[PDB]
Amino acid sequence: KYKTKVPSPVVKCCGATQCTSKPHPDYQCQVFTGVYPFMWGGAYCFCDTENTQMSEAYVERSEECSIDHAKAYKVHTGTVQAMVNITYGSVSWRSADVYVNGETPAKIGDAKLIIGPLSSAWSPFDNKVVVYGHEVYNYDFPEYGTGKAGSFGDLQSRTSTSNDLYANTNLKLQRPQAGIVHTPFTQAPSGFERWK
Amino acid sequence: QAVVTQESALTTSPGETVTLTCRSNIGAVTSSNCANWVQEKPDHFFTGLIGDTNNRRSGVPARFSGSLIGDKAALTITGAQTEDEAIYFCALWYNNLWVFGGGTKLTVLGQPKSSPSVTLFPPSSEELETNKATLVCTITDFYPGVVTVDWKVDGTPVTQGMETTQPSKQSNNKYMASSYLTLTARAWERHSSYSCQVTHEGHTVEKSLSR
Amino acid sequence: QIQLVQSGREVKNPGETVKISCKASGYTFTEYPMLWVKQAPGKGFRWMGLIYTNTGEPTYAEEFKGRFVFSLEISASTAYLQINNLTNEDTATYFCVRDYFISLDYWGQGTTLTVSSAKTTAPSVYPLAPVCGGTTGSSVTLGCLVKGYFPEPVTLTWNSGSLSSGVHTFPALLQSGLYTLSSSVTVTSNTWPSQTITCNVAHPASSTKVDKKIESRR
Amino acid sequence: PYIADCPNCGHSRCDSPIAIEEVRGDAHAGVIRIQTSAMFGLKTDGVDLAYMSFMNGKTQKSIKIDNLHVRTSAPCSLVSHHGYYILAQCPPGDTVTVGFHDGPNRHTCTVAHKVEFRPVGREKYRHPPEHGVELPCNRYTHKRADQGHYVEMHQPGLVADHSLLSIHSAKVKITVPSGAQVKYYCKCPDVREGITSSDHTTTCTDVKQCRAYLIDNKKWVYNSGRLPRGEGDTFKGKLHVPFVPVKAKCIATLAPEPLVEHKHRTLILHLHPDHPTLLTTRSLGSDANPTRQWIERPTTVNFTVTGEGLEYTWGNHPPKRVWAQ
């Protein structure tokens with residue numbers, strides 16, 4: 001889930017402050033005029049329409065993104081394993097980890113054993129998978145870079161470290177009301193909020 | 001660049017409630033001025049009473065409380081005591097520096113009067129060996145703290161040669177002072193009766209030596 | 001608990017420098033910085049600045065930016081005031097103070113400076129014993145006259161300081177260009193002259209120390 | 001301790017120092033991490049986390065925490081404070097409603113935020129129990145020795161303070177806190193920047209047409225949305241977060257055991273939970289044929305078990321398994 005970690009808006013008191021499209025993820029910024037911002041002393045900007053307010057807000061990974069986070073995957077077939085016990089013959093023991101590919105031995109104990117390949121290639125994982133903590137979902141996640149806001153993957157970071165991401169959150173700033181300092185951020189709660 | 005103003009002097013009686021105020025020349029005093037109240041007892045003895053308007057320093061009796069009354073900081077002594085007679089200074093913070101008020105001298109009824117203890121000493125002999133003689137008149141434990149000291153050599157009011165210190169406050173809150181009459185080894189040996197007369201709250205005490 | 005004990009009072013001729021120490025006791029030096037206040041003879045109390053005993057940065061009041069320099073022997077819980085190129089109108093008393101509780105909570109004893117031109121004269125210490133005749137009461141008053149010294153200060157004790165009760169030491173006063181001080185002590189009539197009573201006087205400026213036992217006149 | 005504009009501050013929009021931003025009802029353990037704009041914790045200087053510094057005036061007030069109240073639909077329970085930030089164990093609530101008591105005044109602050117507390121598990125409780133299994137919840141710490149993240153905290157912008165703009169008996173008179181930087185001019189033409197001690201105003205007279213400003217950037221702030229930018233620069237002040245979300249194993253849920261009843265290749269199960277429990281199964285044939293249903297109302301259910309087996313998941317109670325030959 002996102003966090004609309006709003007940078008603190010500019011308030012020019014008499015005249016405009018043009019905004020620029022900073023490279024923050026989903027950097028929504030919209031200049032606003034026609035304010036009279038009550039801040040602790042009543043208003044403070046002495047004009048009345050030239051009072052300008054520039055709201056800016058970008059999307060950022062939550063602190064929970066590091067730890068409580070869904071996780072997509074493109075899943076191929078790989079190679080299956082097993083801790084095969086054989087309490088063999090009179091040997092009476094070997095508990096060894098093996099493979100399935102039909103030329104791999106595993107000389108753990110005394111016996112050499114070749115397994116598979118199995119005929120039952122049903123990977124219960126689908127091609128596309130989402131993963132969450134322990135509950136694994138064979139979900140057709142839309143993709144990195146695309147996820148519709150509100151839908152799953154509104155925030156899409158490659159990894160946790162990745163400062164870049166894709167944040168289609170439909171974050172739309174609105175003008176603050178009646179000459180008061182604040183930042184209307186109108187936004188879909190995450191497609192990670194739903195999906196839980 | 002701000003001027004803190006305080007009452008000049010206030011007089012009360014033991015058991016009364018008295019209020020001292022602290023006014024700022026720039027505007028009302030507010031909690032961001034962190035009014036402090038400091039007390040000065042005799043002997044250059046300073047202690048802090050209240051800080052941050054109403055925080056009482058630890059070990060300051062509860063009869064002392066601070067507050068903001070109107071547009072000024074105030075110190076109230078509830079049940080003033082004789083021991084509270086001192087100079088109270090207020091301090092106000094102004095974003096980067098402190099400004100102290102002029103202080104309020106507070107007088108509290110109490111301490112029954114006490115007569116002075118007068119002693120006159122003769123010039124010692126090691127000093128008469130210098131061709132000098134100094135008669136020391138010591139006066140201690142008197143209250144109220146105001147006296148008149150008059151010297152009389154041989155029946156005649158000396159009028160030159162004497163020096164009398166200013167009453168200094170002792171610890172018990174009574175006062176002391178000493179007066180010196182310097183003669184010459186010779187002036188000494190000439191005249192015969194020396195006397196230090198101390199006048200205090202109407203009674204007189206004369207201490208005479210005889211050479 | 002908290003004691004800020006200051007150096008003793010100095011005399012210095014115009015132009016000199018002085019370092020006034022403030023030794024702190026009872027608190028952790030580091031979490032409470034020091035206020036330096038000037039109480040000038042007439043004028044009342046004035047903030048001279050504050051020193052961050054943690055970082056070491058001083059703030060000076062504008063009146064004090066220049067000849068005044070705050071520093072600290074951190075290590076020994078001492079803060080110090082140094083006034084360089086002493087001006088004659090710097091005679092006054094300087095207090096160190098602890099800033100805490102949104103104000104100042106403890107003040108020191110004060111170190112008084114008397115900026116004044118003059119040489120160095122050692123004091124003459126004279127015993128003051130009672131009149132040659134009688135002197136019979138329940139108690140008895142002896143004295144000690146410390147005459148003609150310069151500059152300040154002198155220290156005076158009775159019996160090395162073991163006799164402090166019943167003592168009145170009288171502030172030094174300037175007379176004919178020299179300071180004179182005196183002290184009295186009162187003890188029971190059985191104590192003296194049975195037991196020895198001694199006046200102890202030190203004048204640091206002249207390295208003079210005098211011990212004068214009060215002897216009976218006959 | 002920053003001060004911002006609380007939205008429904010008892011009456012209406014005040015400017016409370018405890019103005020609530022970044023409500024996070026995103027964990028599971030009945031807990032919310034909150035940021036006040038007020039920085040409680042140690043005092044102004046050095047002592048005792050359990051004291052209380054908000055802004056009164058331009059000034060702090062670093063005093064005791066005596067009567068904090070976070071609350072929601074019900075009164076919450078504090079967990080710990082550090083910095084601008086408090087952790088508190090709350091129940092669910094449509095809103096969040098915070099406030100201490102200075103002593104002369106209630107002086108609270110309140111805000112909207114959708115809160116819930118699902119515990120981790122197939123049981124949908126409303127509250128953590130005393131017993132049950134432990135399993136990997138998401139939750140915030142008690143502690144402060146914490147660096148796992150840090151939020152930008154650069155300077156404050158200016159702030160209004162018309163207590164400054166007094167009158168010089170005919171002219172409007174500005175002053176300064178402590179030599180702080182007061183940014184000043186009026187609608188008329190007079191001094192145009194203001195980087196000064198206490199100035200006067202030659203030209204204008206009315207207090208209501210002048211720039212009462214406080215560039216007082218000796219201490220940085222949180223970068224609240226309810227902050228005006230310090231226009232000069234992105235000053236330094238990268239500053240940690242205490243209350244990191246951590247992988248605590250909450251003391252957690254457990255649903256009452258089922259009543260297993262045999263039939264021919266069929267599990268009748270008279271069932272009777274405490275709370276809504278997500279039951280589900282997996283017929284282990286390559287035909288999965290699973291089932292899901294939250295059960296809060298007690299219900300006798302059925303499961304056509306096959307020859308090879310079925311498994312059965314009574315809430316976060318462990319999964320069962322069954323031979324139905």
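Would you be able to say whether some residue in the range D:86-103 is more than 14 Å from chain B (Cβ to nearest Cβ), outside any strand (DSSP E or B), within 25 Å of D:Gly225 (Cα to Cα) and of a type in the set (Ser, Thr, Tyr)?
no
Restrict the check to the range D:152-166 and report whether at least one residue is β-branched (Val, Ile, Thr), surrounded by fewer than 19 Cβ atoms within 10 Å (Cβ to Cβ) and touching a residue at least 60 places away in the same chain (Cβ under 8 Å).
Here is the first cut: in the range D:152-166, the ones β-branched (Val, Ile, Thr) are D:159.
Checking which are surrounded by fewer than 19 Cβ atoms within 10 Å (Cβ to Cβ) leaves us with none.
Within the range D:152-166, none of the residues are β-branched (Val, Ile, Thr), surrounded by fewer than 19 Cβ atoms within 10 Å (Cβ to Cβ) and touching a residue at least 60 places away in the same chain (Cβ under 8 Å).
Do any strands (runs of 3 or more DSSP E) lying entirely in the range C:19-74 carry at least 2 residues that are facing chain B (nearest Cβ under 10 Å), of a type outside the set (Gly, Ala, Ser) and on the phi < 0 side of the Ramachandran plot, and which ones are they?
On the way: elements: C:34-40, C:44-51, C:58-60, C:68-73.
Ranges flagged: C:34-40, C:44-51, C:58-60.
Take the residues in the range D:167-189 that are within 11 Å of chain B (Cβ to nearest Cβ) and touching a helix residue (DSSP H, G or I) at 6+ places or on another chain (Cβ under 8 Å); name whichever of them is surrounded by the fewest Cβ atoms within 10 Å (Cβ to Cβ).
Among those residues, the one meeting the criterion is D:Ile167.
Taking the range B:13-46, which residues are surrounded by fewer than 17 Cβ atoms within 10 Å (Cβ to Cβ), assigned to a strand (DSSP E or B) and touching a strand residue (DSSP E or B) at 6+ places or on another chain (Cβ under 6 Å)?
B:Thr17, B:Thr19, B:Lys41
Test C:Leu128 against the stated conditions and say whether it is in contact (Cβ under 8 Å) with a residue 40 or more places away in the chain and closer than 30 Å to C:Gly15 by Cβ.
It is false that C:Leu128 is in contact (Cβ under 8 Å) with a residue 40 or more places away in the chain and closer than 30 Å to C:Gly15 by Cβ.
Please state which of the following conditions D:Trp294 fails to meet, knowing it meets all the rest: (1) within 42 Å of the chain's Cα centre (by Cα); (2) touching a residue at least 24 places away in the same chain (Cβ under 8 Å); (3) in a loop (DSSP other than H, G, I, E, B).
Single failed check for D:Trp294: (3).
Of the residues in the range D:279-291, how many are within 27 Å of D:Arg118 (Cβ to Cβ) and either assigned to a strand (DSSP E or B) or polar (S, T, N, Q) (or both)?
Within the range D:279-291, residues that are within 27 Å of D:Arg118 (Cβ to Cβ) and either assigned to a strand (DSSP E or B) or polar (S, T, N, Q) (or both) number 4.
Looking at the range B:127-150 only, could you name the residues that are more than 11 Å from every other protein chain (Cβ to nearest Cβ) and not in a strand (DSSP E or B)?
B:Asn131, B:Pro144, B:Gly145, B:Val146, B:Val147
Please go through the range B:101-126 and give me each residue that is touching a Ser or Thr at 6+ places or on another chain (Cβ under 6 Å) and in a loop (DSSP other than H, G, I, E, B), ordered by number.
Within the range B:101-126, B:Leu109, B:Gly110, B:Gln111, B:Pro123 meet the criteria.
Mind counting the residues in the range C:89-114 that are assigned to a strand (DSSP E or B), small (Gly, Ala, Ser) and buried (at least 24 other Cβ atoms within 10 Å of the Cβ)?
1
Starting from the range D:53-77, take each residue that is without any contact (Cβ under 8 Å) to a residue 12 or more places away in the chain and list its partners that are in a strand (DSSP E or B), counting only C-beta distances under 7 angstrom and pairs at least six apart or across chains.
Filtered contacts from the range D:53-77: D:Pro75/D:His69.
Specify the residue that is nearest to the other protein chains (Cβ to nearest Cβ); the eligible residues are those in the range C:133-170 that are within 13 Å of the chain's Cα centre (by Cα) and within 30 Å of B:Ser210 (Cβ to Cβ).
Filtering first and then ranking leaves C:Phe170.
So which residues in the range B:48-71 are more than 18 Å from B:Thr17 (Cα to Cα), surrounded by 16 or more Cβ atoms within 10 Å (Cβ to Cβ) and in contact (Cβ under 8 Å) with a residue 12 or more places away in the chain, if there are any at all?
B:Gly48, B:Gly51, B:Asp52, B:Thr53
Which residues, counting only those in the range D:48-82, are among the small types (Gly, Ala, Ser), surrounded by fewer than 22 Cβ atoms within 10 Å (Cβ to Cβ) and in contact with a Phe, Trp or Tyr (Cβ under 8 Å, 6 or more places away or on another chain)?
D:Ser53, D:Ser80 - these are the residues of the range D:48-82 that are among the small types (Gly, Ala, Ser), surrounded by fewer than 22 Cβ atoms within 10 Å (Cβ to Cβ) and in contact with a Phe, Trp or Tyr (Cβ under 8 Å, 6 or more places away or on another chain).
Give me the residue from the range B:153-171 that is within 12 Å of B:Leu135 (Cβ to Cβ) and in a strand (DSSP E or B) and, out of that set, nearest to the other protein chains (Cβ to nearest Cβ).
Going through the qualifying residues, I end up with B:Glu163.
When you check A:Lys71 against the structure, is it in a strand (DSSP E or B) and more than 10 Å from every other protein chain (Cβ to nearest Cβ), yes or no?
yes
Read the figures in this text as sums done on the coordinates, not as results from a lab. Neighbour counts run over all protein chains shown; Cβ positions are idealised from the backbone, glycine included.
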